[PDB]
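Have a look at the structure below before the remarks.
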Amino acid sequence: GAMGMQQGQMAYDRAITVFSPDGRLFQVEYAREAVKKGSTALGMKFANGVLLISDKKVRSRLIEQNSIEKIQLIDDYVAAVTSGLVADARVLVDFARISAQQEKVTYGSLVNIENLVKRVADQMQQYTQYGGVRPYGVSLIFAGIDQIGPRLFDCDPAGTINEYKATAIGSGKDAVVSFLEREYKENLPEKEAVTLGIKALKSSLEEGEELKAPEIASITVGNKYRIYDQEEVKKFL
Amino acid sequence: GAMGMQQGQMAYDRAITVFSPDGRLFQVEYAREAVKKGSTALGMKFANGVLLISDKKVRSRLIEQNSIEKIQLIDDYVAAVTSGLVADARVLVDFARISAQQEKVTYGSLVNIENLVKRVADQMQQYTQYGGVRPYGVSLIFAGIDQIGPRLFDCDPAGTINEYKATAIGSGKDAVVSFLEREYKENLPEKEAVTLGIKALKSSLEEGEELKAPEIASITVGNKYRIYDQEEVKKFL
Amino acid sequence: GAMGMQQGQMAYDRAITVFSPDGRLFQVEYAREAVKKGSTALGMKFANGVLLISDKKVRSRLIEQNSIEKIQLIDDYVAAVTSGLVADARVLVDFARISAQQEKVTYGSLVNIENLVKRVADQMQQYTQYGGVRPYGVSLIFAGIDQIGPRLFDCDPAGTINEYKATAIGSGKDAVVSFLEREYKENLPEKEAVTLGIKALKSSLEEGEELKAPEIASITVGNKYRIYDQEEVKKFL
Amino acid sequence: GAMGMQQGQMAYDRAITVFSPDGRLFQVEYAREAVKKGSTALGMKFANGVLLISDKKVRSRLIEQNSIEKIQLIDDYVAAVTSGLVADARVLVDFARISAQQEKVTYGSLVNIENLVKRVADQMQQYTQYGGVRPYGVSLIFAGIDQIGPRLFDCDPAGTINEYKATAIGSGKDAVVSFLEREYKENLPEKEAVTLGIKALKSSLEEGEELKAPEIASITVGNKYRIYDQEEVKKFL
Amino acid sequence: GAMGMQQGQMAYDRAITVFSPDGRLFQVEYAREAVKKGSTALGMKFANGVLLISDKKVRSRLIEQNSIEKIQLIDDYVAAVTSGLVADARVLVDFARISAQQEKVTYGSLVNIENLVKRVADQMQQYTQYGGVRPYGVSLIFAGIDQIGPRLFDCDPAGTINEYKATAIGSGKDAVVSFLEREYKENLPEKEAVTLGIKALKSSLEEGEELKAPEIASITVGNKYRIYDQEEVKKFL
Amino acid sequence: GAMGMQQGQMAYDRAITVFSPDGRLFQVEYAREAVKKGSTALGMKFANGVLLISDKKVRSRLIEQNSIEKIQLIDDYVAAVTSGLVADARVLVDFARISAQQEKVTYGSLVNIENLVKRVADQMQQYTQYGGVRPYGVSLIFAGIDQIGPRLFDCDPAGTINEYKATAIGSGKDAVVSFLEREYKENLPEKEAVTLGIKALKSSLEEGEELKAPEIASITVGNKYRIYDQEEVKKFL
Amino acid sequence: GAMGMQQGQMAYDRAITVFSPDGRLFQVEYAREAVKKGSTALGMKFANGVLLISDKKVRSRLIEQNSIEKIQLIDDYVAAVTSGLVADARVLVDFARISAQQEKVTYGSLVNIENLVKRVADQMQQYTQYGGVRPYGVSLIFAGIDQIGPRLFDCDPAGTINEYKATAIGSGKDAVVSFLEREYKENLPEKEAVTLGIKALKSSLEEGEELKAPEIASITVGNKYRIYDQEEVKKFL
């Protein structure tokens, strides 16, 4: 797709920590915009585990391929994929990472993953009201299996968090989300799950035909995360 | 020693702290707006306990149902339900939770619930005047039975707190409240109370006919809180 | 005589700290407005004590009656009634409560009540010039009997303080104040004092006929404060 | 591709800690306005002491008379009288008080009163330049006998201090000062001194005929301050 | 970018930490501009190492030649080059230096270079959201061989980081990046690699014919960095 | 929403720590203006010492004459005279005083007076750049005899310091400085020196004829400062 | 003109730490201007040393000649000359002096003079980005001989530093720099070096014919600095 920023003027500039007369945080709103322009990714609970899949859209030959990993591990049993401002995502991810370690070193085990996400969420929410500082313009989803079972959560710049059966984020959210909204199959076995997924991913962003090379990872109850190899993903491609 | 935040290294530019020529905190007003756009919930004292009921309006098949719990526990004998900016509600809930724990660990027992709400209220009141920081865009109600007996309180973004015999909050407040204002029956036994309630909740938000699946829980003097199961609630539905 | 510096800069660009070209603090003025929009109340010295009386105007049946106490106790011998921003009023009261305890624990006795009011006044005054922080939108009057005798003080958002023989505050101030200004009887015995008072309160806010249920408390030299029970006040009503 | 002095003068931005292009601190100017609107008072050295006198203009019968003391003791040998924002005045006075005690506990004796006033003035001067904070809107005069002998000083919102033979402050300054400037008698004996003063006070504010009840206090070398009782003052009245 | 830019004042930027209504950080944008106006430089992986090359464009005879080193060493095994605000670049370079030592002293060895750059990047990222502080108007590329093997990354004012097979930075970025994008040869042996590079650099900035004297350095797996001598560089020139 | 309020806007910026497009600090300039409107004073090295002389322009009879000292001692061998904002002068003077003592207590002797001034000068220079603070609106001249010999220095609000043979400051600076500029006699003997001075001072400010009573003091190498008595000065007058 | 200000401009676009849409720091730019309006000075490496030369332009006979030293020592082997805001220059110089002592006291010897300048540069650079603080309006050049040999560096308000063979600064920079740029002789022996210099300085600022009295100092490898005496320079003049 063609790229270019026609707008270069500051234009309208509200302020920070100010509700609009209609009860809205415009800054948090503008933040959301940034994440809409991000890459597209999704994940869904299946058989006895959960998978993650993102559209790895590459440009130059000169990029170090794989090095542009979109799906990142926070720990062997839990990962997250993100979209929006790259820098903000990164730092936010590292926070989750250490945060995860903390619970492990104090309680001896990350029993409930829901909690890990709540913390990073709270981090984000702080910037939503604490005066002099810019909100994190990134949305990300955590998924993996904890003591309770296979889990999937998403988080937006406002610090909002929810649990899904399946969901997506980034540019093609609306599209891909609708596809699942209709064709999502409950206890779909992995092989088919990834299929339904890649299909859904396709339809969405695939206004531009070529799906390119998606990045896919999955974890099933009982064991650690598995990242699909170039060939394995291409198989479903 | 004085209670306050040591962190003050960060400089603050713009800040909320201006009374209008007519004696009003516009920021706190704008905040109130955000809560009106929140879901609808209510509660009321009855026979020998109190109950809480929230309208659990769901969208996608892809959401993890129950996980979107609106009625949250503070402790086995006190629960609260909130309305407004979701993020703000969550963080304000956890504050009350630990704050609750604190009274328990020093005094050995949370004797007066009124006090619990007062603390969380004051928290909110602080952002009402301390310059550089956006107020909490949320309102909530605490319900439970304490040393004094079944108690019902509500709280707005201004930090204003009041005890009720029955009340509501969120979107259809004015509506549902009027129904009760009219048909509220003093010592209505639980079964009939939950009914009157659900009826009241219906009328209000029910401009859109379908009541969907309401979330209801109750507690009665002498014991801990009881969350109604899917079928039980569907029974009154 | 060396002294360390916690903050490198004494202060930066902040609001709420500007004299109008005519020598007035407009914010403090606007703050006063909000208090004008509060409930009406008054107090007056009599025979050998002082009494406080406030108009308890109630709305819904759903309100927990008494729980909406306007006359508050700071200590068995000193009570205060407030008008203006409710949240602000509360927080200010608690400050006065602990502050009272403070003098007690150090000197072993609250010898002069004037001093207690001065301390809470100063608290208010600070927000009058210390930049980034909104003034307390509330006024209140303290009454009780100290080492000197029965005492009646009032205090506005400015932090201004005066001692009266009789006075009122809130919405119907100018009105009720005129009434006393005219028909206030110096050493009026209690029964008659409460009469003159209630009559005064009535005349004032009673543009709307029904006085409703007034909240009244009285203390006399030698003993602790006495709050009037529903029937007793209704007797004068 | 060219630079020059396009703007002769810089446009006005804020107002706190900003010199006007004519080298004036407008804020401090406005402050002064506030003091013009305050009550009128004066003081003058006499035979072997100095005296203070302030116009105690009372309104309602409901005010606790004397309690509205305008002349305030800093210590048995030094008093002060104030004019301007009443709250600001009070807090400043107490500062003067603790400060006076400070010198006494370290040096064992307040040898030179000039110093005392120097410290309070420096207090005010600080608010004249330290960014975020509104200046004290008040002007006061200190009088009392010290190691050097009877002394009289005045202080304005700018932190300016001077010693007079006689002077005044408040509303009718210009008027009263002129009267003295003309008929002031060098070593006038107390009785005639207080007369010359009350007359001077009269003329000034006495556009409105009734001098009402003045407040007068005096000290003479060798002993402690004396406040005139109602009858005594009424005698010169 | 042509110097024919339109001169103007500052935009309507209230403070640095505002998202535009389109989800963009304008300040970070403006910073990027500053980098485009810097010198041109590049680097690329080759045979068994990596090389760096920057256009050392000199003016006066009075400059101390070599002293204007654009290629700087962070450690014998890692170098970096920069473009944009010189001052910002330098400070940024030293941080990286000390940062590198720290890793060395705690772990005993700089195992993965990606981490080093990550640290310097997060530094910049901070100034992207933390209020009162101007972002680093600079972009730099780190290159050298670590535990994994030869590595090359780039970093911009936004703190965004990527690893390349080859890439450039500064003024003629777009031009030279294209050249390589087309004629870049995978495992090109040093001598030819430096040639392809110098040709690419030439083409790019060489609108003004003379390539002048380029600054080039290269390291290979197994040993320390080697900076080319004047004569050696002139050989490829 | 929005009843109709939108005309008024809230915003805060800077205008003190801001260079003009032409390279000048408007605030410091404005500061200078304030000093121009101050009293006129001068000083000049003579035979074997230095003398200071200020025009003590008095108004009302009610002022305490001498107490309005314009020439102030810093230590028995060094004095200074100031002009500009009275309040800022004083505080600044005291700073020099303790600053003087400091060197004495550490090195045992104030060897070089030039250093003393540099310190008070730096204090001033600091407020020229440190944001949130209004510069000192004053200029002064330091004179006395140090280890090197008789010295004379001047200092302005900007923190600029120069040593002179003779100079003046205040209102009629330009005038008096010119008279000297022409008729200044190098090693003029005291009696004549004070004459040349008074003459020079006269001419300048003497557009208004009457020189009134000048304040003069002089010190000569080998001993302490001498302040001229009313009659003595009157002799040259 | 009036108590009320006609302009309601609460804030303006001009501020600090803001990149312009074209990537420039306007504040740093304006700072440069002020250095342009400063005196003119230069330096150049010669035979086996380096020399400094500044135009000591004097006004009144009343100035203390030599006392206005423009060339200042940091230590017997390194001196610097500055141009721009005098006050800023001074404090900046003292910083480098103590800064030098620091290295000497820790390492036992100032090995590389480049480091010294770099430290003073970073100090400067900080005010380039740390929000609330005006940048240093001054540039200076350091010259001396260190462990590497004779060295010459220049430094601007931006914190940019460069080593030269010869250079100048201040008002007539461009002028004198060109002269050198053309007639500068590499290993010119001192006597001739100073000549080429004085001639160069002359040509430049000498639009006004009279070169007045130039201030010149030089050092040669192997020994300490030598400042030329009035007559010696007059010999070259």
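Each chain of the structure tokens is named A, B, ... in the order shown, its residues numbered from 1; ligands are numbered from 1 in display order.
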Could you list, as a list in words, every residue within 9 Å of residue 45 (chain E), counting only C-alpha atoms and ignoring same-chain residues fewer than 5 positions away?
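Returned residues: residues 50, 51, 143, 150, 151, 152, 164, 165, 166, 186, 187, 188 and 193 of chain E.
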Among the residues of region 7-175 of chain C, find those DSSP assigns to alpha helix (DSSP H) from the backbone and print them as a PyMOL selection string.
chain C and resi 26-36+86-107+113-129+173-175
Among region 43-79 of chain F, which residues carry a DSSP assignment of strand (DSSP E), reported as JSON, numbers by chain?
{"F": [43, 44, 45, 49, 50, 51, 52, 53, 54, 55, 56, 71, 72, 73, 74, 75, 78, 79]}
Just the selected residues (C-alpha atoms), exported as a short mmCIF file (atom, residue, chain, number, x, y, z; two decimals), in the first residue's frame, please.
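Now in selection-v1.cif:
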```cif
data_model
loop_
_atom_site.label_atom_id
_atom_site.label_comp_id
_atom_site.auth_asym_id
_atom_site.auth_seq_id
_atom_site.Cartn_x
_atom_site.Cartn_y
_atom_site.Cartn_z
CA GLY F 43 31.87 56.50 43.77
CA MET F 44 35.48 57.18 42.82
CA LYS F 45 38.97 56.09 43.81
CA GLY F 49 41.30 55.26 49.39
CA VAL F 50 37.88 55.37 47.83
CA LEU F 51 34.69 57.28 48.59
CA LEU F 52 31.02 56.70 48.03
CA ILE F 53 28.30 59.33 47.77
CA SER F 54 24.53 59.07 47.25
CA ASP F 55 21.81 61.67 46.89
CA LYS F 56 19.57 61.23 49.91
CA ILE F 71 25.23 53.57 51.78
CA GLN F 72 25.43 50.28 53.58
CA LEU F 73 28.40 48.48 55.14
CA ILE F 74 29.14 44.89 54.29
CA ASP F 75 32.09 44.77 56.68
CA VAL F 78 33.81 47.31 52.42
CA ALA F 79 30.52 49.07 51.74
#
```
Quick check: residues of chain E within 12 Å of chain D, only C-alpha atoms, returned as number ranges by chain.
E: 3-8
Mind writing the picked residues with N, CA, C and O atoms as a PDB file, in the first residue's frame?
```
ATOM      1  N   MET E   3      17.400  23.558   1.091  1.00  0.00           N
ATOM      2  CA  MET E   3      17.474  24.576   2.132  1.00  0.00           C
ATOM      3  C   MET E   3      16.418  25.652   1.903  1.00  0.00           C
ATOM      4  O   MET E   3      16.217  26.529   2.743  1.00  0.00           O
ATOM      5  N   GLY E   4      15.753  25.583   0.754  1.00  0.00           N
ATOM      6  CA  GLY E   4      14.724  26.559   0.409  1.00  0.00           C
ATOM      7  C   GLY E   4      13.475  26.387   1.271  1.00  0.00           C
ATOM      8  O   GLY E   4      12.353  26.554   0.792  1.00  0.00           O
ATOM      9  N   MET E   5      13.674  26.061   2.544  1.00  0.00           N
ATOM     10  CA  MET E   5      12.549  25.877   3.459  1.00  0.00           C
ATOM     11  C   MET E   5      12.006  27.229   3.914  1.00  0.00           C
ATOM     12  O   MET E   5      12.759  28.191   4.067  1.00  0.00           O
ATOM     13  N   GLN E   6      10.695  27.295   4.120  1.00  0.00           N
ATOM     14  CA  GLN E   6      10.061  28.537   4.549  1.00  0.00           C
ATOM     15  C   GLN E   6      10.296  28.786   6.037  1.00  0.00           C
ATOM     16  O   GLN E   6       9.950  27.957   6.879  1.00  0.00           O
ATOM     17  N   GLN E   7      10.881  29.940   6.354  1.00  0.00           N
ATOM     18  CA  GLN E   7      11.155  30.295   7.743  1.00  0.00           C
ATOM     19  C   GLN E   7       9.868  30.708   8.450  1.00  0.00           C
ATOM     20  O   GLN E   7       9.059  31.451   7.895  1.00  0.00           O
ATOM     21  N   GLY E   8       9.684  30.222   9.675  1.00  0.00           N
ATOM     22  CA  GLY E   8       8.489  30.547  10.447  1.00  0.00           C
ATOM     23  C   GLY E   8       8.745  30.371  11.939  1.00  0.00           C
ATOM     24  O   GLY E   8       9.781  29.844  12.345  1.00  0.00           O
TER      25      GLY E   8
END
```
Relative to chain E, what is the Cα RMSD of chain D after a least-squares superposition using every Cα atom paired in order?
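The optimal C-alpha superposition leaves an RMSD of 7.7 Å.
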Please list as an mmCIF file with N, CA, C and O atoms, in the first residue's frame every residue within 8 Å of residue 189 (chain G), counting only C-alpha atoms and excluding residues in the same chain fewer than 2 positions away.
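Result file follows (around.cif):
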```cif
data_model
loop_
_atom_site.group_PDB
_atom_site.id
_atom_site.type_symbol
_atom_site.label_atom_id
_atom_site.label_comp_id
_atom_site.auth_asym_id
_atom_site.auth_seq_id
_atom_site.Cartn_x
_atom_site.Cartn_y
_atom_site.Cartn_z
ATOM 1 N N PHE G 46 50.598 27.555 15.903
ATOM 2 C CA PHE G 46 51.765 28.001 15.172
ATOM 3 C C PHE G 46 52.924 27.037 15.315
ATOM 4 O O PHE G 46 52.715 25.847 15.578
ATOM 5 N N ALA G 47 54.133 27.560 15.100
ATOM 6 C CA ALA G 47 55.388 26.808 15.181
ATOM 7 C C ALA G 47 55.340 25.635 16.154
ATOM 8 O O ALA G 47 55.210 24.479 15.738
ATOM 9 N N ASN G 48 55.432 25.925 17.446
ATOM 10 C CA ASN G 48 55.380 24.857 18.427
ATOM 11 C C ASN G 48 54.482 25.245 19.603
ATOM 12 O O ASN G 48 54.681 24.799 20.743
ATOM 13 N N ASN G 187 53.044 26.356 9.616
ATOM 14 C CA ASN G 187 53.959 26.446 10.742
ATOM 15 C C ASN G 187 54.643 27.784 10.867
ATOM 16 O O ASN G 187 55.867 27.869 10.960
ATOM 17 N N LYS G 191 56.383 35.116 16.316
ATOM 18 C CA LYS G 191 56.435 36.526 15.941
ATOM 19 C C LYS G 191 55.607 36.798 14.689
ATOM 20 O O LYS G 191 54.750 37.678 14.683
ATOM 21 N N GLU G 192 55.805 35.986 13.661
ATOM 22 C CA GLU G 192 55.067 36.162 12.422
ATOM 23 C C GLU G 192 53.605 35.749 12.587
ATOM 24 O O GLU G 192 52.700 36.345 11.981
ATOM 25 N N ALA G 193 53.387 34.726 13.411
ATOM 26 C CA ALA G 193 52.049 34.209 13.678
ATOM 27 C C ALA G 193 51.192 35.306 14.277
ATOM 28 O O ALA G 193 50.115 35.619 13.763
#
```
Write out as an MDAnalysis selection string each polymer residue whose atoms come within 7 Å of region 225-233 of chain C, counting only C-alpha atoms; drop sequence neighbours fewer than 4 positions from it.
chainID C and resid 76:77 216:219 237
Output N, CA, C and O atoms of each residue in that selection to a file, as a PDB file, in the first residue's frame.
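The resulting file, out.pdb, is shown below:
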```
ATOM      1  N   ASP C  76     -17.212  15.865  71.684  1.00  0.00           N
ATOM      2  CA  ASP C  76     -18.353  16.015  72.577  1.00  0.00           C
ATOM      3  C   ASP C  76     -18.706  17.437  72.970  1.00  0.00           C
ATOM      4  O   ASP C  76     -19.796  17.682  73.486  1.00  0.00           O
ATOM      5  N   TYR C  77     -17.788  18.371  72.779  1.00  0.00           N
ATOM      6  CA  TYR C  77     -18.062  19.732  73.190  1.00  0.00           C
ATOM      7  C   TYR C  77     -17.959  20.763  72.078  1.00  0.00           C
ATOM      8  O   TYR C  77     -18.111  21.965  72.310  1.00  0.00           O
ATOM      9  N   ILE C 216     -31.509  19.918  64.510  1.00  0.00           N
ATOM     10  CA  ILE C 216     -31.052  20.826  65.563  1.00  0.00           C
ATOM     11  C   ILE C 216     -30.292  20.145  66.712  1.00  0.00           C
ATOM     12  O   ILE C 216     -30.670  19.055  67.151  1.00  0.00           O
ATOM     13  N   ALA C 217     -29.242  20.816  67.203  1.00  0.00           N
ATOM     14  CA  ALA C 217     -28.394  20.332  68.301  1.00  0.00           C
ATOM     15  C   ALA C 217     -28.056  21.483  69.245  1.00  0.00           C
ATOM     16  O   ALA C 217     -27.907  22.614  68.797  1.00  0.00           O
ATOM     17  N   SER C 218     -27.928  21.210  70.540  1.00  0.00           N
ATOM     18  CA  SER C 218     -27.589  22.261  71.504  1.00  0.00           C
ATOM     19  C   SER C 218     -26.761  21.776  72.683  1.00  0.00           C
ATOM     20  O   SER C 218     -26.972  20.689  73.223  1.00  0.00           O
ATOM     21  N   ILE C 219     -25.834  22.612  73.105  1.00  0.00           N
ATOM     22  CA  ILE C 219     -24.974  22.272  74.214  1.00  0.00           C
ATOM     23  C   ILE C 219     -25.025  23.434  75.183  1.00  0.00           C
ATOM     24  O   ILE C 219     -25.144  24.583  74.764  1.00  0.00           O
ATOM     25  N   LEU C 237     -41.442  22.581  65.588  1.00  0.00           N
ATOM     26  CA  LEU C 237     -41.829  22.667  64.186  1.00  0.00           C
ATOM     27  C   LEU C 237     -43.300  23.054  64.028  1.00  0.00           C
ATOM     28  O   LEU C 237     -43.593  23.919  63.168  1.00  0.00           O
TER      29      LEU C 237
END
```
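Our summary of the geometry notes that CA of residue 172 (chain C) is positioned 10.2 Å from CA of residue 200 (chain C).
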Separation of CA of residue 209 (chain D) from CA of residue 167 (chain C), in Å and rounded to one decimal:
28.4 Å
